[PDB]
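Given next are the chains, with one letter for each unit.
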Amino acid sequence: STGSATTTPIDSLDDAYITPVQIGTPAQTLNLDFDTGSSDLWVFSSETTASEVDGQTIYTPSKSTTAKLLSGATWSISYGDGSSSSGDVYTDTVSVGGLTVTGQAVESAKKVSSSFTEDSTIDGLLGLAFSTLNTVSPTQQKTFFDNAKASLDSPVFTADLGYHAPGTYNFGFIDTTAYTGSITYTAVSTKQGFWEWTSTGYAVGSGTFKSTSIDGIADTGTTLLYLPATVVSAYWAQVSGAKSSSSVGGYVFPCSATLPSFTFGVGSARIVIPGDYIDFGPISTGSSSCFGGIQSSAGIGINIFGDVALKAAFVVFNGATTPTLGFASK
């Protein structure tokens, strides 16, 4: 089997992407944030504290003939940005782009943090990291991909995120028309439960490539590119007037700037992030200070190849017995 679904930016900045997901019988379609940095599929629901719902579409398990309470199971997750959610668990039928999993754990939120409430466009998350990170207790549950894997034509999914435009998540096949040149594959460590890999270096604009190992995660659920302070300083040094602002919470730059590109290495291959992808616009409405899309990972504890990086590539998440990651230009 295969599946193919379009993923759409939630706003003009590409802060996140939503993908429609069918849950239950008859189908209830929710728009979920596919997150290769976590491993829970959770939804706003009829059980979510009413004051914490503001415009989201909810899953109502009592209206699904295939929903079953997973007795005794609870979940609770905290994300890198400080947001969180928790609740109980149902199993139900879940379909993505024509690919159907029966008995998928659907984690129903009883509580969500303010960041989730305040984002009316995201109805939940669909985790695509390794199932070892799943938070359901006392019986850990599998991700949608893990459950689908054996049925897929090939044990892979691909992320093809757009810049200020829709893109695609495919399951079970590699669309050879969706990228240019060849896909370069690189080793993955699953030791931390992430799609963790090592970039071979970077360049800023038309500058020379610096060969240096950068360990990080491919994370569709993180907006920006978070890299070591040395790398980030070298980038922003090429933008007149750019500075790190502790009050704002990262590097800012004059909105009048033309940003240089940023290249990262994948083996001997190179992925080029155009400068415009690194512009996250005014820090507040009407400001002439703009927020940068490359930020320091110092004190995150890990480097994160988030959407800024991934949307410059066609990315293969290869879930074979020994997982790997592939990157192509597009």
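Definitions and cut-offs
Bear in mind the residue numbers are our own, running from 1 along each chain as written, so they may not match the entry, and residues with no coordinates are left out. With hydrogens and water stripped out, all remaining heavy atoms of the structure feed into the side-chain values. Residues with missing side-chain atoms are left out of burial classes, side-chain pairs and their counts. A run of DSSP states H or I qualifies as a helix once it reaches four residues; a run of E qualifies as a strand once it reaches two. Both are numbered from the N-terminal end. Computation of the radius of gyration draws on C-alpha atoms alone. For the globule rule, the value is 2.2 Å times the number of residues to the power 0.38. Here a residue-residue contact requires only that any non-hydrogen atoms of the pair lie within 4.5 Å. Domain start and stop points were drawn from an automatic or database domain assignment. Residues are grouped as follows: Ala, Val, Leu, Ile, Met, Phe, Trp, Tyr, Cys and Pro are nonpolar; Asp, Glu, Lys and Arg are charged; all remaining types, including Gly, are polar. Residue burial is assigned from relative accessible area. The probe radius is 1.4 Å, only protein chains are included, and a residue is buried under 20% of its type maximum, exposed over 50%, and partly exposed in between. By definition, the arc is the one covered by directions from the helix axis to the C-beta atoms. When DSSP locates at least two bridges between a pair of strands, those strands are taken to pair. Helix axes use the C-alpha atoms of the stretch in contact, all axes being lines fitted to C-alpha atoms, and the angles between their N-to-C directions lie in the range 0 to 180 degrees. Two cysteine sulfurs form what is called a disulfide whenever their separation falls within 2.5 Å. UniProt positions are given in the numbering used here, feature names are shortened, and annotations may be inferred rather than shown by experiment.

As summarised from the PDB record, the model derives from X-ray crystallography at a stated resolution of 1.2590 Å.

Engineer: When you look at the overall build of the protein chain in this model, what are you seeing that I'm missing?
Structural biologist: Assigned secondary structure in the protein chain consists of 4 helices and 24 strands. A compact globule built from 330 residues should have a C-alpha radius of gyration of about 20 Å, and the protein chain, at 20 Å, falls within 12% of that. Its C-alpha atoms give the protein chain principal-axis dimensions of about 60 × 45 × 30 Å. Excluding contacts between residues fewer than 6 apart, the proportion of contacts in the protein chain whose partners are at least 24 apart in sequence is 66%.

Engineer: Just to check I follow, could you spell out the side chain of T263 for this structure?
Structural biologist: Among the secondary structure elements, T263 is positioned in strand β17 (residues 262-266). Here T263 is in contact with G201, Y202, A203, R270, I271 and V272, once residues within four sequence places are set aside.

Engineer: Looking at this structure, how should I read the domain arrangement of the protein chain?
Structural biologist: In many analyses, interface size is given as the accessible surface area lost on bringing the parts together. Split into domains, the protein chain comes out as domain 1 (5-174) and domain 2 (175-330). The partner domain 2 presents 33 residues to the 30 residues of domain 1 that form the contact. Among the elements of the structure, β3 (28-35), β9 (156-160) and β10 (167-171) are those that each provide at least two residues to the side of domain 1 that touches domain 2. Sorting elements by how many residues they give to the side of domain 1 that touches domain 2 places β9 first, with 5 residues. Partitioning the side of domain 1 that touches domain 2 into residue classes produces 18 nonpolar, 6 polar and 6 charged.

Engineer: Would you mind showing me how to read helix α3 (residues 229-236) here?
Structural biologist: In an α-helix there are 3.6 residues to a turn, and that puts residues three or four apart on one side. For α3, the complete set of buried residues consists of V231, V232, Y235 and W236. The buried residues of α3 occupy an angular sector of 125° when projected down its axis, which confines them to one face.

Engineer: Explain the pairing of strand β19 (residues 279-282) here, please?
Structural biologist: The two faces of a sheet get side chains in turn, since along a regular strand they alternate between them. Where β19 lies against strand β20 (residues 289-292), 2 bridges are found, and the strand directions are antiparallel. Bridge pairing in β20 places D279 opposite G292. Hairpin connection of β19 to β20: 6 residues between the antiparallel strands, including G286 at a positive phi of 85°.

Engineer: What's the story with the sheet that holds β20 in this structure? I'm lost.
Structural biologist: Strand pairing in a sheet takes place through backbone hydrogen bonds and is either antiparallel or parallel in direction. With antiparallel pairing, the 4 strands of this open sheet are ordered in space as β15-β16-β20-β19. In this open sheet, the two edge strands, each paired with only one partner strand, are β15 (243-245) and β19. Direction aside, neighbouring strands of the sheet carry axes that sit 40° apart on average. Pairing between β15 and strand β16 (residues 250-254): 3 bridges, direction antiparallel. Of the residues in β16, the one forming a bridge with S245 is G250.

Engineer: Just to check I follow, could you spell out the UniProt feature "disulfide bond" in the protein chain for this structure?
Structural biologist: A sulfur-sulfur distance of 2.0 Å is found for the UniProt-listed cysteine pair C255 and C290, consistent with formation of the disulfide (criterion: under 2.5 Å). On the criterion of sequence distance, the pair formed by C255 in the loop between β16 and β17 and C290 in strand β20 is long-range, its members being 35 residues apart. Judged by its relative accessible area of 29%, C255 falls in the partly exposed class. Here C290 falls in the buried class, since its relative accessible area comes to 4%.

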